[PDB]
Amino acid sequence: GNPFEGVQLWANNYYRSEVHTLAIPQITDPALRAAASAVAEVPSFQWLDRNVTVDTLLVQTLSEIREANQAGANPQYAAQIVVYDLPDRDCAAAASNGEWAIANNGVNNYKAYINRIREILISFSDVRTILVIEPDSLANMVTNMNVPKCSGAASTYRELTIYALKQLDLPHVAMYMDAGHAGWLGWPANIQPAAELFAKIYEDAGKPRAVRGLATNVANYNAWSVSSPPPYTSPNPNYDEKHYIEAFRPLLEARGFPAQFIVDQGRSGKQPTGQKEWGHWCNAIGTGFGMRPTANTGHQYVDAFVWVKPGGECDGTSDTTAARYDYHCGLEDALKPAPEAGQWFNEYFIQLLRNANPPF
């Protein structure tokens, strides 16, 4: 029942165009150019991180995949999409690019967004669609409830996640709820509380057929599996995603949720990274493209290794005077200067390409 099995993952035209038009022209090394062409074809997720993407990007991606499939793709292509617009988004962050607020009709705005997405998915029932549900949402309920915006948002995040899990429970869809990463929920003291939270949400949503499990390391740089713990992970015993998931799954399964995982490895190629501290998530230096997306992970609990955050697209501006500035993007281990979040960051793309592992 692995949704990644028996299909090819669609490598979208937006990311392809960014590499061909923004990156390649500026690369002098012939070897780096050839590798950039290859990276352009690696299928990464696309994000519905703003309401305007629903009637644009989403429809365009599904339309393009249908056309490719109707022309004979074999195996058929499947879509990889991130749902990321909860109101009062990123409750514990220093800065957030979310557009809606709970105190200003955010629940009704989010329900309508989920409803329109559902309508579009129903209209593309011939396109297998894999979704990552809301990164940096429920992981905050495990450890960041001391932050007032997070304790104030908790019930809404729970209710709206349940709403999304049921409304997007469609026969051709597979959903993975975000579950932070080893350096967030993988610490031994956070494992069980996290397992209690995710298994209860699953149960409370009626164990929807489409809910396949959880996604980890989204937009982070952790290794899947390395023999030695990177210094900035100490003293966490679960220093990589394999350690985190091997400890987490049994607790989830005992509580009624035999969650299968997908793990982001888009920026996990070079280990250790250049991060000075594990919580430094913005445009981290000393990182490289990691294992390519695949359904053949060699691990019973992991449906696939994926590229969720498209390496080369910025995490946030380093301009300290900008409205959306997050201080994490101005730290010593964040590559600067950096453009606005989501915009092509060619200097970062080149870094990832040079540090790729395995190499392209």
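One rule holds for the numbers: they count along the sequence shown, beginning at 1.
| Between 225 to 233 and 130 to 138, which has the higher average C-alpha B-factor in the PDB entry? | The recorded data point to 225 to 233.
| request: Select between 33 to 41 and 301 to 309 the stretch whose C-alpha atoms have the higher average B-factor in the entry. | output: Comparing averages over the C-alpha atoms only gives 33 to 41.
| By its CA B factor, does residue 50 count among the lowest, middle or highest third of the modelled residues in the chain? | It belongs to the lowest third of the chain when residues are ordered by C-alpha B-factor.
| said: By the recorded C-alpha temperature factor, relative to the other modelled residues in its chain, which third is residue 291 in? | reply: Middle third, going by the recorded CA B-factors of the chain.
| query | Lowest, middle or highest third: where is residue 201 by Cα B-factor in its chain? | reply | CA B-factor rank for residue 201: middle third.
| If you rank every modelled residue in this chain by C-alpha B factor, which third holds residue 178: lowest, middle or highest? | For residue 178, whose C-alpha B-factor we compare with every modelled residue in the chain, the answer is the lowest third.
| request: Classify residue 123 as lowest, middle or highest third according to the C-alpha B-factor given in the PDB entry, relative to its own chain. | output: Lowest third.
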